[PDB]
Amino acid sequence: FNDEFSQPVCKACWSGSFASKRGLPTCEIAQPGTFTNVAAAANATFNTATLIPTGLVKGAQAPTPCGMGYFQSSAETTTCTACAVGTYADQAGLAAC
Amino acid sequence: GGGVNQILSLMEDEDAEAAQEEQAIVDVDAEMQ
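Residues numbered from 1 in each chain as written, not as in the entry; some residues may be left out. Chains lettered and ligands numbered in written order. Part of a larger assembly, values for the part shown. Heavy atoms only, no water. Residues with missing side-chain atoms left out of burial classes, pairs and counts.

What follows concerns the packing of aromatic side chains. Residue and element names in this part refer to chain A. Applying the stated rule across the entire model yields 1 aromatic pair over all chains. Aromatic pair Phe1 and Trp14: ring centres 6.3 Å apart, planes at 70 degrees, arrangement edge-to-face. Here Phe1, found in the segment before β1 (70-71), pairs with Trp14, found in the segment before β1; they are 13 residues apart in sequence, far enough to count as distant. (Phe/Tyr/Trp six-rings, centres within 6.5 Å; stacked < 30°, edge-to-face > 60°. Helix = DSSP H or I, 4+ residues; strand = E, 2+ residues; numbered from the N terminus.)

Below, the structure is given as structure tokens:
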């Protein structure tokens, strides 16, 4: 995402929100019914020695929906929660149980 | 894809479904009896 001008590199979205298309000024909200797990999703680190960024790695491009038997009621979430006892999740990507 | 690491026409139809359910229940109760 890049919500400002004169940026030598745009920041990778924080895990929860993801982005799919190219050149997106803002991250896209992970709608309820999915999750976004990623490790190397850290905005680059401008070293003071040469004022240059480095070490940027992109986040999750895809929505990567919540597998079967696992739901996510809340949006902007990294992990997927198991459906409670007594209720079922029939298909992957279910908003709630 | 192997995944990551880890209104007016809605309730009017839901009431119709909940009325067809009651009709089916009455139909089932009238046959066993």
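It is worth spelling out the state of the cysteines at this point. Covalent bonding between the sulfur atoms of two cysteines is what defines a disulfide. All names here are of chain A. Applying the stated rule across the entire model yields 3 disulfides over all chains. In this model, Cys13 is linked to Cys27 through a disulfide, with the two sulfur atoms separated by 2.0 Å. In this structure, the disulfide formed by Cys13 and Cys27 twists by about -105 degrees around the S-S bond and is classed as left-handed. One end of the pair, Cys13, is in the segment before β1; the other, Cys27, is in the segment before β1, with 14 residues separating them in the sequence. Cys27 carries the same exposure label as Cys13, and that label is buried. Covalently, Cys83 is tied to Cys97 through a disulfide, its sulfur atoms 2.0 Å apart. (Disulfide = S-S within 2.5 Å. Buried < 20%, exposed > 50% of the residue type's maximum accessible area, 1.4 Å probe, protein only.)

A word on the environment of A:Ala60. All names here are of chain A. For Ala60, the location among the structural elements is in the segment before β1. Residues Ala60 and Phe35, spaced 25 residues apart in sequence, show a C-alpha to C-alpha distance of 9.9 Å. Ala60 has contacts with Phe18, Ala19 and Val38, leaving out every residue within four places of it along the chain. (Contact = heavy atoms within 4.5 Å.)

Quick look at the environment of A:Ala92 now. All names here are of chain A. Positionally, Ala92 belongs in the segment after β2 (81-82). Taking the C-alpha atoms as reference points, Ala92 and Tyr70, 22 residues apart in sequence, are found 7.6 Å from one another. Beyond its immediate sequence surroundings of up to four residues, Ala92 is in contact with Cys66, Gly67 and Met68.

Looking now at a negative patch on the surface. On the surface, a cluster of negative charge is made up of B:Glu12, B:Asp13, B:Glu14, B:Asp15, B:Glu17, B:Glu21 and B:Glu22. Summarising the element assignment, B:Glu21 is placed in helix α1 (residues 11-32). (Patch = residues over 30% accessible without salt bridge, like charges linked within 9 Å, V, L, I, M, F, W, Y side chains within 5 Å. Areas by Shrake-Rupley, 256 points an atom, 1.4 Å probe, with all protein chains shown as cover. Salt bridge = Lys/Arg side-chain N within 4 Å of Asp/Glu carboxyl O. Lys, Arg positive; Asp, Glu negative; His and termini not counted. Charge placed at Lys NZ, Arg CZ, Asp CG, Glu CD.)

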